[PDB]
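Here's the structure, in structure tokens; my notes come after.
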Amino acid sequence: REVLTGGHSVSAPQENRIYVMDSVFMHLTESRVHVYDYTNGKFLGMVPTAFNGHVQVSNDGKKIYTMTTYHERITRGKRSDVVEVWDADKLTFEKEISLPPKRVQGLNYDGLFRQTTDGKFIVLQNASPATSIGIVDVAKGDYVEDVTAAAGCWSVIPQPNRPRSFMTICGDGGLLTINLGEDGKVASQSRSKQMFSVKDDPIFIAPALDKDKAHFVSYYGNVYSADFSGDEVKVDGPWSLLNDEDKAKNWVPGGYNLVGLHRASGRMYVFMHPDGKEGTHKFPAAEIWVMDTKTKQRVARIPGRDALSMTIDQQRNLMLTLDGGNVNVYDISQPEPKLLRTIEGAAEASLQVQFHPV
Amino acid sequence: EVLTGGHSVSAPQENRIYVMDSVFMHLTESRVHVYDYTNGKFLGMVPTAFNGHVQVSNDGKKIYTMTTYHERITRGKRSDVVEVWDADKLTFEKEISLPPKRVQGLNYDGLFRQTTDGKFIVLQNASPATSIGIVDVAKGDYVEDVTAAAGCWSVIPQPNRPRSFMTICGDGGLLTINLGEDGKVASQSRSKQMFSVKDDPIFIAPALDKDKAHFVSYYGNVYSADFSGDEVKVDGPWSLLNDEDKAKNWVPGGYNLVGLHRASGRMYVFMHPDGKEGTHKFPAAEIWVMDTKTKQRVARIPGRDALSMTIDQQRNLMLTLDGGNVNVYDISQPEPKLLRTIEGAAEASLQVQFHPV
Amino acid sequence: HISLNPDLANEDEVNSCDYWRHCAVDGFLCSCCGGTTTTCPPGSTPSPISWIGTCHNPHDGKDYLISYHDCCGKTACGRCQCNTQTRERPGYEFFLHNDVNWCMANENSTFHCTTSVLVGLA
Amino acid sequence: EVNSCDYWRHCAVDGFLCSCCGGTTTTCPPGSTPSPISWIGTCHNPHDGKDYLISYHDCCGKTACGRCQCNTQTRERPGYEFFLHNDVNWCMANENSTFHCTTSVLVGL
Ligand SMILES: NCc1ccc([N+](=O)[O-])cc1
Ligand SMILES: NCc1ccc([N+](=O)[O-])cc1
Ligand SMILES: NCc1ccc([N+](=O)[O-])cc1
Ligand SMILES: NCc1ccc([N+](=O)[O-])cc1
């Protein structure tokens, strides 16, 4: 009477889709990406990502990129670090791209697995434990460059105003900028002046990223900025997130992917909690503060729902927040965000959610 | 202080039990958790990839696992293997290649066994056509495929013979296989029909004596196979149920749901009331203790939602397992006495086993 | 007749373990995994083999043969885990048995989710 | 005790305590391999009022122990201070990088 068929595509349009990167830390060799419709909470599909997978969606919205590690016998045997290319609509494996066996194994901060603005290179973090940035040429489907200049630095911040440039945060408290050539090799680089004191005011690595500048928050609730409108990065800060009334309760930021920028308004979103002290930098959000980055002032504050990570959609004026297991959807078209819905049980242990590009 | 490895399990072998955690929600990361039953201490573990099975060598020196790998887990070439692990160091020693048809399924004891003499591992295959695989431990080789066992299921070794075992067949009888010194089938026999497959299906889990095995049915009857002699003699049914039991619709339920204390002939069974079609895998409302000679129940105690069990003969102990927690019972007297519960021994285990002593 | 077409039913009804055609399902319902009662989630492969159940349809009073084909080659879906055992039998009645992985003959035997396909009247 | 996440030496552990996994504070469970590298923490010993360097060498080559998961972040810093950072796998350089559990080894003041 009926026959089971496969070969099917994701049921909901790309504009509805979000990607929840589930580390499944209790069984980290079976990490995976869960694909959800953010409009109604519907589970749409998944992509298996083996041990500590990382994920992103191609800029063109056609492909899902994953990064993972295999061994011949999982807990023994030869290692293979790879980038995989999967079809976005069919959620099927297409290609493996070999990496040297030193891709970063760690929690899913955005900046460990990124791409150039032009979508032509995948840019990832290595640690052997010496740090370098690896470059994958999408057209070739090959690894093409180890950016050893980035030794002593961490994470990848693409520059949205340049086709194949990105920045990274270094142990001197400045930023190193890398400009790739069309072959994916380093064409030029520069190093900013010192932005922040590593010892006295360490920043969270998560950028609040605009077209031509990036803002960063610190352990103590200060904000630093990096302007890349020009060839050399100019740095500035601190200004404090806190007003006088905030200081009494020791408000400080906390989380993982803990900030976001709504570019059209200049509004920066930041997870915060009171009673800050040494060791509270990864605490869940008591509140989400909304800062006007031009005036350097808070314009809104709402309850945080114990969120740890966020992402923003510019076009639809949305913010997602994630507490490890549940995803909250907010309308951020006005300064005060409005909670639309919560997707319960989207993951067991996810610190990263991303929109499908539209 | 310097961190070191190379260490052996801290507790004596006689204290050790093996909880086979399927981790069904993440079945590619199944593992064996090793515990000390005397104090509930976690002693270590062996990773077993996708749907691992486990046993301990008869001599207590090695752990055998059976599992499936693929080059890229969800794609790439398949490798079905047996692995040999040191029991004290919990380290991998040797891989034995299998044909890619080892049974993928829940951890009934009878899917992964060994001969009494310890020389051969005997495992269940399904391609979906069933056969029994023989692995020569010393040679580290798969040596015989028992296709004569097609249409049968599970391995019941005969403790009174060095390299013989039985399997339950779709005709309601038992097929006995006797191996030669090289692991090839030397001889085989089929019993007469023990049970009606359609009218009174049995659970596969044997309550195994030295020279006979008892089985319980979906409807609370008991069947036996005696292999003291040259051919298997079969008997039954007798009912576990008295009139009051019947009126409340008590039936057995679980997975590895029975056990036998050989010295006393007491048989242990997980039971639940309000039995009907579809309740054969329900958790135990009670454990019933039957005297297999008088065919009378001698005890009934709370079941603690248990699903599987195992018995240690020498120490007069029963373990029960609800999927996550292990209960330790003293069974030296007809009424069992609960000694302790080990909470969170697994996420999804249907099998626990003692280290051989 | 409407009770024979799960695509017309409310999704909460068909995604429940008590839905009449799920009577021998032991696994995650594909309909909760980005698939439907009779279609695999994207990028998972149907099993060419299965166990079979007979389930009573309480809506039309007839009994039906249901084939429990799995979808394979992806890791465990994890949603709508069901365990129903109506008329299920042990491994010596192998195609009535659900404690085995019916992805066993697939190119990749990783178990993703389980479907309930209507074969016809029992 | 040492199995408590609040035990003073565990002040920058984000993982499973090996002492709950068949090992000890300073020994890997059987068949898990020590990492030759680690992040380091600075923890206050309340018993003597002195602060100590603690090395958080992992045990590797087995799947996640899953017991006594601790997450303390005292003096922990991001990846640009790499050996103070605990959001990466310190089994990353082992023959097999699968993460099993974390040890807390006293180095010195
Ligand atoms: N230090 C804990 C830890 C271990 C492994 C990962 N990882 O992603 O593989 C993250 C964090
Ligand atoms: N041990 C750090 C950590 C904290 C929160 C999550 N999570 O998924 O919410 C993962 C890992
Ligand atoms: N029918 C569900 C199911 C699937 C896979 C296994 N297994 O052991 O791999 C057992 C049971
Ligand atoms: N769906 C069948 C089943 C039931 C119980 C367990 N368990 O571990 O208790 C595992 C698998």
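Using Swiss-Prot numbers, chain D covers 71-179, in order.
When the header is checked for method, it gives X-ray crystallography, 1.8 Å.
Backbone N, Cα and C define each Cβ position, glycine as well.
Features of the protein shown, as given by Swiss-Prot:
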ACT_SITE  D:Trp109  active site, tryptophylquinone 6'-substrate hemiaminal intermediate
ACT_SITE  D:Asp128  active site, proton acceptor
BINDING   D:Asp84, D:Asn156, D:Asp157, D:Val158  substrate binding site
DISULFID  D:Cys75-D:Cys140  disulfide bond
DISULFID  D:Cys81-D:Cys113  disulfide bond
DISULFID  D:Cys88-D:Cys171  disulfide bond
DISULFID  D:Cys90-D:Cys138  disulfide bond
DISULFID  D:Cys91-D:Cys135  disulfide bond
DISULFID  D:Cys98-D:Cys129  disulfide bond
DISULFID  D:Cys130-D:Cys161  disulfide bond
MOD_RES   D:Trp109  tryptophylquinone
SITE      D:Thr172  site 'Transition state stabilizer'
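Projection of Swiss-Prot feature records onto the structure.
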{"residue": "D:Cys75", "record": "disulfide bond", "contacts (Cβ under 8 Å, 6+ apart)": "D:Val83, D:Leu87, D:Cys138, D:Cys140, D:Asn141, D:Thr142"}
{"residue": "D:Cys98", "record": "disulfide bond", "contacts (Cβ under 8 Å, 6+ apart)": "D:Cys88, D:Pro104, D:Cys129, D:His170, D:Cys171, D:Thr173"}
{"residue": "D:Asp128", "record": "active site, proton acceptor", "contacts (Cβ under 8 Å, 6+ apart)": "D:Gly85, D:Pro104, D:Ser105, D:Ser108, D:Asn159, D:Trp160, D:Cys161, D:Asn164, D:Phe169, D:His170, D:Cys171, D:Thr172, D:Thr173"}
{"residue": "D:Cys135", "record": "disulfide bond", "contacts (Cβ under 8 Å, 6+ apart)": "D:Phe86, D:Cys88, D:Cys90, D:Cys91, D:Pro99, D:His170, D:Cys171"}
{"residue": "D:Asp157", "record": "substrate binding site", "contacts (Cβ under 8 Å, 6+ apart)": "D:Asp84, D:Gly149"}
{"residue": "D:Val158", "record": "substrate binding site", "contacts (Cβ under 8 Å, 6+ apart)": "D:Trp109, D:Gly149, D:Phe152"}
Practice problem: Inside 10 Å of the Cβ of D:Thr172 (site 'Transition state stabilizer'), count up the other Cβ atoms and send me the figure. | Solution: 29
Self-check item: Cross-chain proximity of recorded positions to B (CB under 8 Å), evaluated over D:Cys75, D:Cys88, D:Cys90, D:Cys91, D:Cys135, D:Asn156
Solution: D:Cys90, D:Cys91, D:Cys135
Quiz prompt | For D:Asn156 (substrate binding site), the one of D:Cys81, D:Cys113, D:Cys130 that lies nearest, given that the disulfide-bonded residues are compared by Cα | solution = D:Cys81
Quiz item: How many other Cβ atoms sit within 10 Å of the Cβ of D:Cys129 (disulfide bond)?
Solution: 30
Quiz prompt | Cβ packing number for D:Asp84 (substrate binding site), 10 Å threshold | solution = 21
Practice problem: Give the sequence-ordered list of residues that share a chain with D:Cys113 (disulfide bond), lie 6 or more positions from it, and have CB atoms under 8 Å from its CB. | Solution: D:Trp78, D:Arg79, D:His80, D:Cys81, D:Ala82, D:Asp121, D:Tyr122, D:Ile124, D:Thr144
Quiz prompt | Binding residues D:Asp84, D:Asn156, D:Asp157, D:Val158 (substrate) - maximum C-alpha distance in whole Å | solution = 10
Quiz item: How would DSSP class D:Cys81 (disulfide bond) in three states?
Solution: coil
Quiz item: Looking at the disulfide-bonded residues D:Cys88, D:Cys90, D:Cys130, D:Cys138, D:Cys171, which sits with the largest number of other Cβ atoms within 10 Å of its Cβ?
Solution: D:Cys88
Practice problem: Kindly point out which of the disulfide-bonded residues D:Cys81, D:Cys90, D:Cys113, D:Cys161 have a C-beta less than 6 Å from some atom of ligand 4. | Solution: none
Exercise. Return the single residue from the disulfide-bonded residues list (D:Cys81, D:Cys91, D:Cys140, D:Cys161) that has the minimum number of other CB atoms within 10 Å.
Key: D:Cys140
Quiz item: Near chain A: which of the recorded positions D:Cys88, D:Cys113, D:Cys130, D:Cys138, D:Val158 have their Cβ closer than 8 Å to one of its Cβ atoms?
Solution: D:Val158
Quiz item: What three-state secondary structure does DSSP assign to D:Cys135 (disulfide bond)?
Solution: coil
Exercise. Would you mind checking how many other C-beta atoms are within 10 angstroms of the C-beta on D:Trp109 (active site, tryptophylquinone 6'-substrate hemiaminal intermediate)?
Key: 25
Quiz item: Of D:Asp84, D:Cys90, D:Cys98, D:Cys129, D:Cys161, D:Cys171, listed as recorded positions, which ones have a Cβ less than 6 Å away from ligand 2?
Solution: D:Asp84
